[PDB]
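Presented below is the structure to which this report refers.
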Amino acid sequence: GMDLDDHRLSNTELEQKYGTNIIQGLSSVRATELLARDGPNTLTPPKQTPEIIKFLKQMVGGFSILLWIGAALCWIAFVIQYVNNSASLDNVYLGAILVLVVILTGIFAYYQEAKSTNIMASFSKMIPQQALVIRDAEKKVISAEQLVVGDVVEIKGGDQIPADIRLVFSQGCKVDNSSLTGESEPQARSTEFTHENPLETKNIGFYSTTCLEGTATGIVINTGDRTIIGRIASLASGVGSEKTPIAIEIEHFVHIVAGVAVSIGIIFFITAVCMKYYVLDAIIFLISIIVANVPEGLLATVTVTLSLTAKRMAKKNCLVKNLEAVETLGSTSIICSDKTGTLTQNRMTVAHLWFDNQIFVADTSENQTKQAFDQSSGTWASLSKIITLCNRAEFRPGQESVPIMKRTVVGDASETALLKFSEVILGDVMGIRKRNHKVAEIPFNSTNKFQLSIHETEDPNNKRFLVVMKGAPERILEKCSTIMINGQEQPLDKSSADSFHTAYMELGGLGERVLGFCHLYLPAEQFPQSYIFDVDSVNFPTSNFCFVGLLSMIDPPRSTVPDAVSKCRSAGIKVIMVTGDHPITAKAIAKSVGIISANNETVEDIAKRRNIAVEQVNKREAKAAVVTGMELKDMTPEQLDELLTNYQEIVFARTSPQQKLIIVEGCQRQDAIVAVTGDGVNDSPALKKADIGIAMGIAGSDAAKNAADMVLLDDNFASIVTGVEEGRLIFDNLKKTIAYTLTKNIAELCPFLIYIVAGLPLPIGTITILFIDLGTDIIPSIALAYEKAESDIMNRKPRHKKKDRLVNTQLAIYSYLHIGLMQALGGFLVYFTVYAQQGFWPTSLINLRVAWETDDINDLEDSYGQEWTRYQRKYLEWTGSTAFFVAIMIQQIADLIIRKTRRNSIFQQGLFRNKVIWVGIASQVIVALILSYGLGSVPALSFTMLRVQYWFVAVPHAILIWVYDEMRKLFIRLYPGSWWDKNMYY
Amino acid sequence: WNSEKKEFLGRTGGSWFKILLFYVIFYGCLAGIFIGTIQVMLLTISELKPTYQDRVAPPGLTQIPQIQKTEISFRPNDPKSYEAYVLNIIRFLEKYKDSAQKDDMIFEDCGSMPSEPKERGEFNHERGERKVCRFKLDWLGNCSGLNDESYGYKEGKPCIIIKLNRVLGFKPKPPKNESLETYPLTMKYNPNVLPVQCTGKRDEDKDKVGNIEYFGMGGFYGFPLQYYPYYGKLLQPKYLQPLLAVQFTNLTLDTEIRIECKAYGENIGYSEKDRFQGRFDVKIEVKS
Ligand SMILES: *[C@@H]1O[C@H](CO)[C@@H](O)[C@H](O)[C@H]1NC(C)=O
Ligand code: ALF
Ligand SMILES: [K+]
Ligand SMILES: [K+]
């Protein structure tokens, strides 16, 4: 694993290092011996834990720490029930129900934490199976896995490179470094030193980049995981982001609620033993304490809110591999973003036309025929001729039902943008190419720099000769005499001379590749239709042409990316660009799409404007910065943070796939949640490290798409703004659900806390609590998940990763100390009423549990002096249990209505507008009706049928709870930030 | 803690006063409302009549030995063996001495044959307390007769006392003379006795329980309807409820006998869930 490459050294100099001959190759002996020490030529696949271990790892899933202790103590009490016999026993039944719910919530949390580390799927397609190696002066083709550092290979045209290779002979070689840069712009390779660093030294190939054309002999410098794709793969699979920022909040949340459970468990266990209770009694007290505090269904339902909105996001073309990913978007702070494929259409198309010394703009998106094509009407009429005639590119077949721009083309990146432009403008360019038949053909060369063709215009009568030459703009004025303006061919002048270069310099300064066009109608006197033009450049003239027009191509932004980036930035999110493309194109892409504002000038712009040295001007006055990948090598992590902090519109260009992770980790060390949007193999390692990665669906490499957490199926970068919206909404509605379950837990806990201290008969059985958490509130608990925010989230900035959390001490003390205690007071009113109607007054219930639980005593006296049988007292105790359980859910109908809104009145959100909260309200009433006041509670489960008046004893406290809540929400609306908004807001 | 803007423990002093005052008023009001709602609940209940009598609607029945686990096992040779048993009887029966039923202001003499249920009062705050019917010990013949091995309470071949659980406003109605109740009665007196006939639970067991003799008022094997109804402890002081002794002179020793003593009435019911509602369950073994 060395990135200390060796391209400076000459052929004679490397051959002494790697112990090879450039022409005799390597002996197969030393092939074996070197293969021994270095290893085979293969990427070692990643290590994925077996699913059985991950499943059973989800059995300590936070709450399962306390529920294991719960079922332990249950069966321990049953062990002591072997010592003393108890026929009708619920400690085996309760221990069983608890382990059932540990395994229950475990299997849900198993799907929720998902990890697709299927990275090698994509790498195998690109890796080559065979190599043209030469050992011991014998040409043999062997498998690429057998190569070793410093055996000669013959790269061929059209085949993948067998290893990281340093070329030493090359004849018109051109290779595809899009696996490192993300552009299929072929970089041609020489056999000599071009650049200092080995990323583009023009003399080294790269592992499994495709060889577009030519033949080159090379010697392998690195093979295996030390290769550049090997290193990309090591970072994409090895740096597997298991950390997620959604579940850091709910992990901390189970830390606090288990914290309060444990602390009050030991508080009341020591005050149990101080009350001269046998440890057996006090541990049954602990079983009830932990079943009261633990929000049983909370985590289980959460993954159902999450996967619900996962599949709903996936019906809007936002595929969410990991259920967590739906929140990770939004509450994010910095978007590092690839350009091509992601911010870019990744189709070279034309954008600006300069004719008649006048500038024009064209259709860039999938749109068609958008331009002022009607100005000269005579200069552009012949300009269309030269555009369509001077191209060798062709459309692939079977394209009658597929959009023009969205079409398959065979040919050059430059030529094909003109094929597309002529095809949106003129219907069928093949018709007019074929009509204006091309009689004379010219070869093209890399040194050539221009392309020319002679066509016999099939005008009915004219049938003259037309020559059409396109090429680099530098050559055009060199070989042009008469310009054309509105049909008339006016000679050039001194004005247009410099005018051409000044316009061209400013056009190319926007990252647009410029191509100039000239033609000339040859007289019929000198060359009639019989005269033929010999290809060896004897029969035709190469100077004194007629300049037609000029144009440029840019690879334009996607149709929607500008506006979607406007909305992200306007929702408090800093946008950074990270791509492999040269910073001339990058700054123009960046200022176009809303990444750089128009009055923000980099140090380049200001130094150019003032005409002063860039060393002289300082740094802060330029709000936007363009940092090349080359100056990030010498950059120190402290100053990467310096610049990330100083300027807010920063773009990184010609940047290595490892500098993508470098920059993303640089953001994240600033307490910033990150979302990297990518399409290519170069993005994949920095797509794993992000808190969330976002991949392009059709226009994204597989390697990024397996590293992602959201795959955008329609390459619509407009799903980010709505994905932020729903992520911030899901976070707020998780706050609502959570506090809703927390406030109940107190009114479940206060009965046992009084029954230990005061001796009143158990107000609700520990087994009946589970019916609350597991049955009545699962539909209410999911119905809060459909709520809408009181105020627009976009008008507000993202959440700070650490500063504001999912559960804060204000929500915790509101749920526990405010609404839990109002609920439990309401439940105890129903308790005392259901005892005081059968004779047992409030006052004369203290210390009774002891005699109450005594079964030898069938004549207990009540306050009216009647005598009571044990079983009658036990049925009444059960009616106390159901009275208390029904009371709390009745105040849970009110709890659900207050928890729908954390900011303003129920009138503003509207009690009727959410249908699902009414399904929850109804679900709550109907389950209690199915339970207590009906079948399934006649003899069973600590359940008795209830007097109809006992249901409504808990409407006073459940109007009170809503009123009090509503009043503080009114006051936080009224006086914001003046100790009511600070101390009384969820 | 920043000396810059106070903010000890997050908060300045003035806001400390604000938050404690808010929580004192929050909880003080919250407690005011809870005890307030309790008081408005307690207004509805009368100190004199239970709002509902749903649970105690079937009257229960309990043995006066107050036996630990439905069981009476002793040795007529060992005094301690039955010591707690006879002590519990004496403790209960202390109240029924003519000694205790002495004041004619609170105790009236009710007939020595069963009478019509004495409707004394209506449950109002008027006329003060109510006079309770006397029950003399002698009617517990051979068991707390005050003599004739009374003190033993049948140390050999034991004796229990059957008592019907007090229910307020309850005038029990004995079953009508439709058919033979049990064995040829020749003891009708239907209107004014709740028949209480101890029987052998185990049918297959050839009821080795032996002789079973009940000692009631005037020799009637039930509760005299005169005492009923019950006006509550506040209205009736130390209301002496009717009591029925039962001699069990069994011909089977060192063998555990299970017996179930049932109250027969049309107004009395019994349930299989409540083995002390309308019924008994006594396991007596007279070990040697
Ligand atoms: C039980 O009482 C009757 C009353 O006439 C008496 O004759 C009988 O002897 C008594 N039983 C015993 C064992 O004294
Ligand atoms: F802009 Al890219 F890979 F798509 F750097
Ligand atoms: K709970
Ligand atoms: K990721």
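Top line first, the protein sequences correspond to chains A and B.
Take the first sequence: its letter number 138 is residue 188 in the deposited numbering, and every next letter is one higher.
Take the second sequence: its letter number 203 is residue 219 in the deposited numbering, and every next letter is one higher.
Even for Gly, the Cβ is constructed at its ideal location relative to N, Cα and C.
- Message: Just to confirm the assignment: which complete alpha helix (DSSP H) runs, minimum length 4, are found wholly within the stretch 782–864 of chain A?
- Response: List check, alpha helix (DSSP H) in window: 816–821, 828–833, 859–863.
- Message: So, does the stretch 690–700 of chain A touch the stretch 715–724 of chain A, judging by three or more C-beta pairs under 8 Å?
- Response: yes
- Item | Opposing strand residues paired with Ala-266 of chain A [DSSP bridges] | Under DSSP, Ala-266 of chain A forms a beta bridge with A:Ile-205, A:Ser-220.
- Message: Considering Cα atoms alone, identify which of B:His-141, B:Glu-23, B:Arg-71 is closest to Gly-930 of chain A.
- Response: B:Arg-71
- Message: Distance check for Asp-945 of chain A and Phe-33 of chain B, CA to CA, integer angstroms please.
- Response: 29 Å
- When A:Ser-503, A:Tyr-554, A:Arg-525 are compared against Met-519 of chain A, the one with the closest alpha-carbon: Comparing Cα positions, the closest option is A:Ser-503.
- beta strand (DSSP E) runs wholly inside the stretch 481–561 of chain A, at least 3 long, in chain order: 488–490, 500–506, 515–521, all fully within the stretch 481–561 of chain A.
- Using CA coordinates, which residue listed in A:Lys-683, A:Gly-89, A:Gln-540, A:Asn-168 is at the minimum distance from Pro-96 of chain A? A:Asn-168
- Item | Distance CB(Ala-164 of chain A)-CB(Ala-194 of chain A) smaller than 8 Å | Not in contact: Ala-164 of chain A and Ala-194 of chain A (Cβ atoms no closer than 8 Å).
- Message: Quick check: does the Cβ of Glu-416 of chain A come within less than 7 Å of any heavy atom belonging to ligand 3?
- Response: Checking the Cβ of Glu-416 of chain A against ligand 3 gives no.
- Counting contacts by CB-CB distance shorter than 8 Å, is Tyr-68 of chain B in contact with chain A? Proximity of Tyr-68 of chain B to chain A, defined by a Cβ-Cβ separation below 8 Å, is satisfied.
- Item | Backbone CA spacing between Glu-562 of chain A and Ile-192 of chain A [nearest angstrom] | 44 Å
- Run down chain B in chain order and give the residues with a C-beta less than 7 Å from the C-beta of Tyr-925 of chain A. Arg-71
- Which residues bound the alpha helix (DSSP H) around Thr-155 of chain A? 141–162
- Got a sec, what are the start and stop residues for the alpha helix (DSSP H) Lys-175 of chain A sits in? 170–176
- Task: Decide if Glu-473 of chain A is buried, meaning its Cβ has at least 16 other Cβ atoms within 10 Å, or exposed.
- Result: buried
- What are the boundary residues of the beta strand (DSSP E) that includes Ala-261 of chain B? 259–263
- Query: Can the beta-carbon of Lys-1019 of chain A be found closer than 8 Å to that of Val-289 of chain A?
  - Reply: Between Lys-1019 of chain A and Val-289 of chain A, the C-beta gap is not smaller than 8 Å, which leaves the two residues out of contact.
- Item | Proximal residues, the stretch 861–882 of chain A versus chain B, C-beta separation under 9 Å | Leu-867, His-868, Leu-871, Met-872, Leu-875, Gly-876, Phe-878, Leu-879, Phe-882
- Query: Along chain A, which residues have their Cβ under 7 Å away from the Cβ of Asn-227 of chain B?
  - Reply: The contacting residues do not exist; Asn-227 of chain B stays about 27 Å from chain A at best.
- Give every residue of the same chain whose Cβ lies closer than 8 Å to the Cβ of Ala-127 of chain A, excluding the five residues on either side of it in the sequence, and list them in chain order. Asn-141, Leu-330, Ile-333, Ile-334, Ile-337
- Item | Proximal residues of chain A, C-beta to C-beta of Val-148 of chain B below 9 Å | Residues of chain A passing the Cβ test: none, with the nearest at roughly 12 Å.
- Query: So does the stretch 935–943 of chain A actually touch the stretch 88–97 of chain B, counting three or more Cβ pairs closer than 8 Å?
  - Reply: no
- Message: Quick check: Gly-347 of chain A and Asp-1031 of chain A, are their CB atoms within less than 8 Å of each other?
- Response: Cβ atoms of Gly-347 of chain A and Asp-1031 of chain A: not closer than 8 Å.
- Query: Does the beta carbon of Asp-752 of chain A fall short of 7 Å from some heavy atom of ligand 4?
  - Reply: no
- Task: Quick one: which residues of the stretch 118–129 of chain B get their C-beta closer than 8 Å to a C-beta of chain A? List them in chain order.
- Result: none
- Task: Tell whether a beta-carbon distance below 8 Å holds between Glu-840 of chain A and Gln-958 of chain A.
- Result: yes
- Message: Can you determine whether any heavy atom of ligand 2 sits closer than 7 Å to the C-beta of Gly-29 of chain B, and answer yes or no?
- Response: no
- Message: Any heavy atom of ligand 1 closer than 7 Å to the beta-carbon of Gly-157 of chain B?
- Response: yes
- Item | Pairwise C-alpha distance: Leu-59 of chain A and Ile-177 of chain A | 28 Å
- Message: On the DSSP bridge list, what partners appear for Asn-71 of chain A?
- Response: A:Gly-75
- Taking all protein chains shown into account, do 16 or more other C-beta atoms lie within 10 angstroms of the C-beta of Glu-165 of chain B, making it buried, or fewer, making it exposed? exposed
- Run through DSSP, which three-state label would residue 319 of chain B get? Summary: the structure shown does not reach residue 319 of chain B, with chain B confined to residues 17 through 304, and so no result is reported for it.
- Message: I'd like to confirm the pairing. Which residues does DSSP put opposite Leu-600 of chain A in its beta bridges?
- Response: A:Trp-404, A:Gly-566
- Message: Per DSSP, what are the beta-bridge partners of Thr-394 of chain A in this structure?
- Response: A:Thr-390, A:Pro-607
- Task: Report the option in A:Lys-669, A:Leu-779, A:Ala-648 whose CA atom is closest to the CA atom of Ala-657 of chain A.
- Result: Ranked by Cα distance from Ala-657 of chain A, the options A:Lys-669, A:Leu-779, A:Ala-648 are led by A:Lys-669.
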